[PDB]
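Only one chain is given next, in structure tokens, and it is the form deposited in one PDB entry.
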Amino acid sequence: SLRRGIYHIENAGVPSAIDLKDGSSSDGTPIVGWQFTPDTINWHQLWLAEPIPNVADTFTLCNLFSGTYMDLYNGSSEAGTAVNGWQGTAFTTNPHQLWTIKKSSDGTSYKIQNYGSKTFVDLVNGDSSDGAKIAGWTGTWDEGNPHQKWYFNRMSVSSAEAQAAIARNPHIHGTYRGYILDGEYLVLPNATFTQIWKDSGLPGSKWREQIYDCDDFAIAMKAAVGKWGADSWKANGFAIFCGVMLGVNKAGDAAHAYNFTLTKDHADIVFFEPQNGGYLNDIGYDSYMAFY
């Protein structure tokens, strides 16, 4: 089953992502194949999958940037029918915007079937061109046709996945308590995490006893990622992953505040020092408190 999340949806046949052209919020904005760069924010190519309760394996697909929904034009079962961005809502009954997503015959890629037409999201002719038409097209759940097969490359973690990542870390103090703020988190590439840090002005901040010390840097960095989240994305129903941790050294005589993020595989945490922008597998403190 596809879990609730943010996915980069990549064609199984050619290296083309599902892309809402120019990220435009206009109704009828064409959704097309476009090339992508790994370990970046592919700004027009992220999709919030929202499960519809009481309809098995069916979702809305919301462009994280535009806040508009993958829409099969007039819900036509005709092959070649336009797939566009269109205004809607996460739990809409509009079947132009409802998508049954289940594993392809290869067991790793998915097919995307319009709930109303029962036709499939097709990268027309397997065209690897930037701006290649994606359409609703006749097909079957079992065939190998790669025009209609899509890797759902997962870009978010549930809170529960975040917890699992922290609990797998060997620098957690015996007294650790974690405070969970949200349910679903876009995981940032370090390159993006670092850019948000630079854009916060924190690289310019100086350490000052109590008035601007490690707790002030850690919380400024979490607030800056929360600000960036609301200012960058028009979709709702997710947060941006950026943790705060208070830690203690081995001697038990020094406390420090810092940030953490997750690895590309989402399986482990990495510590971030907001006073120099370093990433570390070991920051020299054992976390006794985190919030994220």
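Note that the rigid core is defined as the largest set of C-alphas that superpose within 1.5 Å between two forms. Position 1 is the first residue in the sequence shown; the rest follow in order.
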Check: Comparing 226-234 with 52-60, which has the greater mean CA B-factor as deposited?
Finding: 52-60
Item checked: Chain-wide C-alpha B factor ranking for residue 96, given as lowest, middle or highest third -> lowest
Next item on the list: Using the B-factor values recorded in the entry, state whether the Cα atom of residue 11 falls in the lowest, middle or highest third among the modelled residues of its chain.
Entry: middle
Item checked: Chain-wide C-alpha B factor ranking for residue 81, given as lowest, middle or highest third -> lowest
Item checked: Assigned third (lowest, middle, highest) for the C-alpha B factor of residue 184 -> middle
Next item on the list: Compare the C-alpha B factor of residue 41 with those of the other modelled residues in its chain, then answer lowest, middle or highest third.
Entry: middle
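As for the form deposited in another entry, it is not shown, yet the points below apply to it.
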Next item on the list: Of 73, 151, 212, 176, only one moves its C-alpha by 2 angstroms or more between this form and the one not shown once the rigid core is aligned, so tell me which.
Entry: 176
Next item on the list: Could you tell me whether the Cα atom of residue 253 shifts by at least 2 Å between this form and the one not shown after core superposition?
Entry: yes
Margin query: So, superposing on the core, is the move of residue 283 at the CA at least 2 angstroms between this form and the one not shown?
Written below: yes
Notebook entry, point to check: Between residue 177 and residue 241, does the Cα distance in the other entry come out closer or farther than in this form, changing by 3 Å or more?
Noted result: closer
Notebook entry, point to check: Is the CA-CA spacing of residue 274 and residue 181 tighter or wider in the other entry than here, given a 3 Å or more change?
Noted result: farther
